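Whatever order the structure lists ligands and atoms in, that order sets their numbers, starting from 1. Below, each value reflects all heavy atoms present in this structure, side chains not excepted, and no hydrogens, waters or symmetry copies. Lettering follows sequence order; numbering is per chain, from 1.
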4 protein chains.
Amino acid sequence: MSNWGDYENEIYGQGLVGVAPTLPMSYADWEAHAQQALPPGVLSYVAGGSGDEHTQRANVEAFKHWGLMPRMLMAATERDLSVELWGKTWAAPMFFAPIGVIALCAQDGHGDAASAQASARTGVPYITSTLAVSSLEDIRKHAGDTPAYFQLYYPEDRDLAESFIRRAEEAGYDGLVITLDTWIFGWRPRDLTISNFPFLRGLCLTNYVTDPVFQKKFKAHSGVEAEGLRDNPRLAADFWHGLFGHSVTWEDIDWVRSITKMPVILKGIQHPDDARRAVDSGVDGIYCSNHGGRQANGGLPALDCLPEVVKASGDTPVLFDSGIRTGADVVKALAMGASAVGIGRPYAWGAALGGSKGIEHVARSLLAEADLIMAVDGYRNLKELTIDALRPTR
Amino acid sequence: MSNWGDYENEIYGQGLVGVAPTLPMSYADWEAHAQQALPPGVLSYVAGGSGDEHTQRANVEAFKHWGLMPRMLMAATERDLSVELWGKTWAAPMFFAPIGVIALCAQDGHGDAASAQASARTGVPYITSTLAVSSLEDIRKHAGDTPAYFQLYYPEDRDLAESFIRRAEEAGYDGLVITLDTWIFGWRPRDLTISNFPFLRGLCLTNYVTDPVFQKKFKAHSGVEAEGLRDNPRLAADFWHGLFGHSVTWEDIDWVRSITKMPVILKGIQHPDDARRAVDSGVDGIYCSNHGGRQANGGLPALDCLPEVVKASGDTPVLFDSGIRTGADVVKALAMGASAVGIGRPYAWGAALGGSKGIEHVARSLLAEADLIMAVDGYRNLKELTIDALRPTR
Amino acid sequence: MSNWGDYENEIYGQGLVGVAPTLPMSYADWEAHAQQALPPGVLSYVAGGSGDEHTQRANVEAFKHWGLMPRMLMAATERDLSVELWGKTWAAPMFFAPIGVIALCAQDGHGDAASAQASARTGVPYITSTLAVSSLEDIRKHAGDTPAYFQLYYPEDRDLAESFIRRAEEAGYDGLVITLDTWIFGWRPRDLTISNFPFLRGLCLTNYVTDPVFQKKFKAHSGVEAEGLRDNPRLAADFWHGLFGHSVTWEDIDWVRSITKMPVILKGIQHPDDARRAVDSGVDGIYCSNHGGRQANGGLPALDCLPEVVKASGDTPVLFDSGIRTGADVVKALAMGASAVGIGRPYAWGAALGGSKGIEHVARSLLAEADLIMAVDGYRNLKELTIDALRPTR
Amino acid sequence: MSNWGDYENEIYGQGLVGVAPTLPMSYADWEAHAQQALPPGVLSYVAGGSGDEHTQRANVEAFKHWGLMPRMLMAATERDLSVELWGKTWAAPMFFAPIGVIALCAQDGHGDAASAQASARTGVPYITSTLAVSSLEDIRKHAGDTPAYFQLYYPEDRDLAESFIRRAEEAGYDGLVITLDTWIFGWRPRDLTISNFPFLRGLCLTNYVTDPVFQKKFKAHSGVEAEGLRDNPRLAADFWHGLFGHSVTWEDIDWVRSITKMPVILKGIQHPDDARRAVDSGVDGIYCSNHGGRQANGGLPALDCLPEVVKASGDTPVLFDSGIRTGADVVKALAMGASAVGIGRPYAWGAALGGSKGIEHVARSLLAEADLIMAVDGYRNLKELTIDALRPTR
Ligand SMILES: Cc1cc2nc3c(=O)[nH]c(=O)nc-3n(C[C@H](O)[C@H](O)[C@H](O)COP(=O)(O)O)c2cc1C
Ligand SMILES: Cc1cc2nc3c(=O)[nH]c(=O)nc-3n(C[C@H](O)[C@H](O)[C@H](O)COP(=O)(O)O)c2cc1C
Ligand SMILES: Cc1cc2nc3c(=O)[nH]c(=O)nc-3n(C[C@H](O)[C@H](O)[C@H](O)COP(=O)(O)O)c2cc1C
Ligand SMILES: Cc1cc2nc3c(=O)[nH]c(=O)nc-3n(C[C@H](O)[C@H](O)[C@H](O)COP(=O)(O)O)c2cc1C
């Protein structure tokens, strides 16, 4: 931290000695260049959302309709952007949201590792998807000293789900995010046009391929032993697909909580009574998301739901993602009451242009801007950033 | 059904064996490609609407301003999208809206037949226009086991109108839709620029040319017998035009109802007191439509009128069309209280690119998306999709 | 049919009674619309050529650098465009060039039969590829009275080769065209970018799966009998790929001449020594072609090669294709000494937009233009249109 | 590796099991994507040429004005594209041309090592620039069994020159290429507009900072010892600029031949007298090149100079670069008498998109196309592809 905004001193300082930037500085340039730098299947998969993508787009537009009220003569010369979440201190109110194909957003095929390493160097927590090229144990090592969270895609096999949760607790993950909006895949025209579904080609199934329950059950089903599977994951792509997506129930969440000491955080919550029942049932975190609009095109921007989710959540921490493109967006979601803000699409572009360093550049750019907005506009820390600081705007 | 969303499994499954899709997956691609695939007169006629087309466009824009609220932990793993309408069970809350030139949207000139056959294979009901290349008797056969409805353009000859209704009841049609907003043609710049009016060239007049009353009255008027007319329908285009468009009255609707046992459904209703008087007079169905904005450019999106039409309609079923482009749209209109949702322009593009199979692909794409939206967002059946599930959006 | 130019009076007669054309009237508008009416896989394969397609384009450009000299006061009010080829009288100095995926250029998937049907109606002869959806026996049937030719892709199996030739003879084809420039597929970036290759999916292999030799050999190689092959031709696709491409040798031509009475015509000849040597072999026809630039991007426009191929072939007829887009191109290549001119890409676009009638329209438009130019510019028949009527042009 | 053309069967085999390509398949799409995947400084420097870049463009255009004559019935079913150069057998008549910033064209900043690794896997020889990030000793190691060449930028310091040459010999390079057309940098508007010049920032100077002569001389001139130079090469950048560019003279060539056993190859020759005089000096190779139009915008396409440089050089091998974008260009320059052909800009785009594998893909695509053209058009080996197989074309 020192302050996050300091990052611009280094960019400007390097220019004075004839060293120009090598990466873009804004989302639009990140996206413009990344999309052309990626393979076409990956582009379709990462850029593409659900239906005509109105929701994915509305998520982003929502942020143009709040404004922060600037406060003069506050002298917010030292900012404190840290947040304490479930016992751990985060250096920044921001985290890498789960991205199951981030491995493939990077030219070397290890974008997930690259993401965890960027987390290690910045202190921006990495939330690893269940889908991945590096196993969740290797990820947690790459994440260093920085808090790391495990996002569970809950499978149709209780033994496997518990193996994932156990392995995550044993690997030293700091919390468990259960994604509630992706037990089945939404209608995605960009991927359907080219019949692009990479997991069914055996990509990003390392966490299944390495899991003892999956290995045992797939051998029972196919005759294939653990070595043959690891050498050709695609052999178990159809088996993966059959068990991948369990539709999670309230009773499931009570079960998960009783078998692990990790805090449980539910991702996909939009409705305040869903947030109410979760919190009243002892769930530890509420993660307001609509999955980037990638999974259902119902039209409701995530950000429209965050205020009532915050109120219903009470002192239970609320995470927010879906539509964050800049540091401005990050400040506005924090002001509405999110404790920490997830970053998706922007760091996938980071990966496409620069690997671990590109990801690190996105994270640091987003936080520099947020911190400089708080300084100029007179908010010295996140406790002072309250929802009454924002104003609706045409 | 099984579930309609299953359709995407087949697309993805075929790609895994090197079989790419051959048709588009989204409305914008349907429209972009269809419009270039059609003859220029047909394009002008099918794409074109009334005046500067603000209404046609506003119909579609309206849907961007409602959002479905996602419900988590509902486990809507088995969806029931069936609807019972006037005694018959529909497998889907969706139907092919009447399109008088759909015959000509297909390269082989039999787009109407093609539409009825797609209905037969999907269970999406076909509503055949009075205007058509296949006679209403052949259509009903092509429709198989699937409910089929007859849309009457009520002529200025009571004998003819009753012949159409009798023939439709005898052919086994399951209801009668009287279109109230097209007794006279609205100002249509795209067609006027090129003086394109295909019916006056004797196209799509099969139901008149085959009708005994029309044959008798046209011979009385012209001397032409039934064979000469059937070999040159254009001989009776001017006669058709003189009788085509009777302005329907309340008393007419009471007359129609008393001469047939088919349920009567009125299409074009926008105003709730019009819906009130209809329903209080015993009409069986209310079909909220503004005819795609093709006929009057007054500016009122159909969807803006559907909520008050639903309330005034009570337990009388309400059909909705005008502006549906995607499965998202379909869910939102159902949530507002329509019992079934009509599809227009999208399946005309289906016909232009793939005939009966293209039409079937549009229908199945629309329903897959709607069903997957209901699953992800936690609505298990249409009874659970209530208007309070929607939220207005900027 | 008094002269081909009369076709225009039909198009103008119909507009006078308000019947507008439904198909485009120039190659540019056929290509534009047709390319949007096609599935992306068919588009890529039909439009795409070899390499960066310079040769494909340069083939077309070459026609811009010859001009026909108009001759006034010749009164060419009656034109004879007939040509006598191998003892049959062609109504038109034009033919449909072999296109192996033409079946798939038409929405109903039988564009090959539609091409034969258009040839039966126009008098424009059809040359069926070895690759097709309809058997070569049924193509000949569909071609009516119009002379029809069979284009052989000589396979790596003399038995199969001989059964193809004996079948074509027995089906009553009037010539055997042997394609010499596709025993191996060239670098085609459009298809490679999406790994598009329809034959390996068992598409268009009917002439192999109907063949008793192919059946026998494929059964020995796989255990699958003829009915199962008829119902899943893809079972045979890798076996087809193994024997498809035989690099034809001089001695093979000798061997083919001796087992058929059909005239043998060699397609792909570009160099005069190759032609002179063919003609001294006793080859019956020379088919000057570079396959539309689709197999090899060597850069030599096929038209640059025609004059010297005509001269080296003496009395033997020379057919020409590669770059013909209009009836002006037709006239020019005839003028250089082509006895008959082949159309490829234009009639594929015809199929994509009108099926049989779209194909017929392209053919009658090309011949209407060619005839009208001869009429206006003073060439009453093909004997008067010689290379001395052309001038090189900037 | 039976023939280079087989590469295409891999790309098509993978699509059949739903594995789509991830890299582009033509130069146009490499350039388009790659230019967007690069930092703007690398883009400017790699894409930019001298002046208004007419020469850079005209080098490429010249290949559009030669066409290869196809020869039918030659049965070139086995092709020999091998070439013997200075007592080593090249698997391919193609090599990676020297590119001093290739390291920076790859996201990991070691594109020079990745190029050598692609050469070790392909058999396509690598020519390392004097400018590089990896030492010339490590480049040779990375190149495995594949012949490797060292490109000398003769410095203004005979000691340093001689240590470079002795190092390359000792590292086991198989030739010394001396670049003659860059002892001073030309007017490059793209770099000048943003004052872009990576060497003066101490980038790509490893071969100088690893060099004992450079160290000694630079230490006398500044007091900085070798370790500090290793860690801040920019300390030496102005000193590098002072001795970089020596205008090589005839006597210098003489002096170089005498202190190495390596074959000496002169790069930049365009005029026949310069070549004839080189060959009579006893120079071992002629490298016809205008540096891709990057140093001087004089306007003469390098390809216009090759035929007469081949003739003036008699038995001495001639290498060719400048304008090669596809395998068609490769074939044409070989046909004019180039014994081997160099690739520049295409493999830089390869690095920017795939690193080593992107480079390998460009090289195998170029050679697949070249081979397939020879196969289709009847040239079984390089001895048969002569200038008499080409025709000038409009
Ligand atoms: C390519 C991609 C893949 C995704 N992968 C997953 C995943 O594996 N797990 C998950 O819970 N969410 C998934 N996310 C959703 C993110 O976690 C986050 O909800 C979303 O990206 C926020 O939307 P935005 O990128 O539009 O801001 C994915 C998002 C993207 C862009
Ligand atoms: C080309 C075309 C022709 C039409 N034909 C008729 C018809 O014969 N009968 C009728 O009641 N409505 C007619 N419809 C209206 C549809 O039944 C429906 O009201 C309308 O298309 C819905 O608007 P949308 O296509 O913009 O969604 C027509 C619509 C189109 C697009
Ligand atoms: C889609 C397509 C497929 C082809 N398939 C065949 C074939 O099966 N047999 C053959 O000898 N040539 C084939 N060719 C070459 C054509 O017969 C003809 O030589 C070529 O199309 C002429 O060039 P143009 O289409 O650029 O005018 C094909 C051409 C096209 C456009
Ligand atoms: C970015 C770049 C840097 C260059 N650097 C070198 C170099 O270090 N040494 C050299 O002899 N030539 C160099 N050249 C010239 C190339 O070796 C080759 O002659 C040239 O790229 C061929 O032209 P083309 O790239 O337009 O085909 C370079 C070329 C490029 C594109």
Side-chain angles (χ1 to χ4, degrees), chain A residues 42 45-47 49 56 59-60 97-102 105 127 129-132 151 153 177 179 181-182 204 267-268 289-295 302 321-325 342-346 348, chain C residues 45-47 49 56 59-60 97-102 105 127 129-132 151 153 177 179 181-182 267-268 289-295 302 321-325 342-346 348, chain D residues 45-47 49 56 59-60 97-102 105 127 129-132 151 153 177 179 181-182 267-268 289-295 302 321-325 342-346 348:
Chain A
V42 185
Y45 195 84
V46 167
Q56 181 167 280
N59 287 330
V60 162
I99 288 194
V101 300
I102 191 77
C105 293
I127 301 186
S129 173
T130 292
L131 298 159
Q151 174 264 314
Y153 278 131
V177 168
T179 292
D181 53 20
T182 298
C204 299
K267 167 177 198 275
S289 166
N290 68 9
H291 216 107
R294 299 170 44 78
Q295 268 288 104
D321 86 12
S322 295
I324 300 290
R325 301 286 180 273
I343 297 304
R345 230 75 66 127
Chain C
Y45 192 92
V46 167
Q56 176 165 276
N59 282 339
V60 164
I99 296 201
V101 295
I102 185 78
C105 295
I127 310 205
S129 175
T130 286
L131 283 319
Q151 174 270 315
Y153 266 138
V177 181
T179 312
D181 57 17
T182 304
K267 171 165 184 285
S289 168
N290 68 12
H291 212 116
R294 283 164 68 73
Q295 277 292 107
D321 78 14
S322 296
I324 298 294
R325 303 279 173 282
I343 313 297
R345 240 67 71 114
Chain D
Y45 192 92
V46 167
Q56 176 165 276
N59 282 339
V60 164
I99 296 201
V101 295
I102 185 78
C105 295
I127 310 205
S129 175
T130 286
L131 283 319
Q151 174 270 315
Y153 266 138
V177 181
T179 312
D181 57 17
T182 304
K267 171 165 184 285
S289 168
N290 68 12
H291 212 116
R294 283 164 68 73
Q295 277 292 107
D321 78 14
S322 296
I324 298 294
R325 303 279 173 282
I343 313 297
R345 240 67 71 114

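Contacts of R345(C) classified as side-chain hydrogen bond (donor to acceptor under 3.5 Å, both in side chains), with partners at least two apart in sequence or in another chain: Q56(C). Partners of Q151(A) by side-chain hydrogen bond (donor to acceptor under 3.5 Å, both in side chains), not counting sequence neighbours, listed by chain and number: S129(A), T179(A). Residues that satisfy the side-chain hydrogen bond (donor to acceptor under 3.5 Å, both in side chains) test with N59(D), not counting sequence neighbours, are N290(D).
Atom SG in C204(A) sits 10.0 Å away from atom CD1 in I102(A) (nearest 0.5 Å).
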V46(C) vs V101(C), side chain to side chain contact (heavy atoms under 4.5 Å, CB included): CA-CA, chis, key distance, verdict:
CA-CA 8 Å; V46(C) 167; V101(C) 295; 4.1 Å; yes

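Every protein residue with a heavy atom nearer than 4.0 Å to ligand 1 is included here: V46(A), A97(A), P98(A), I99(A), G100(A), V101(A), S129(A), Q151(A), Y153(A), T179(A), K267(A), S289(A), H291(A), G292(A), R294(A), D321(A), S322(A), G323(A), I324(A), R325(A), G344(A), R345(A).
When only modelled atom types and interatomic distance are considered, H291(A) and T182(A) share a side-chain donor-acceptor pair under 3.5 Å.
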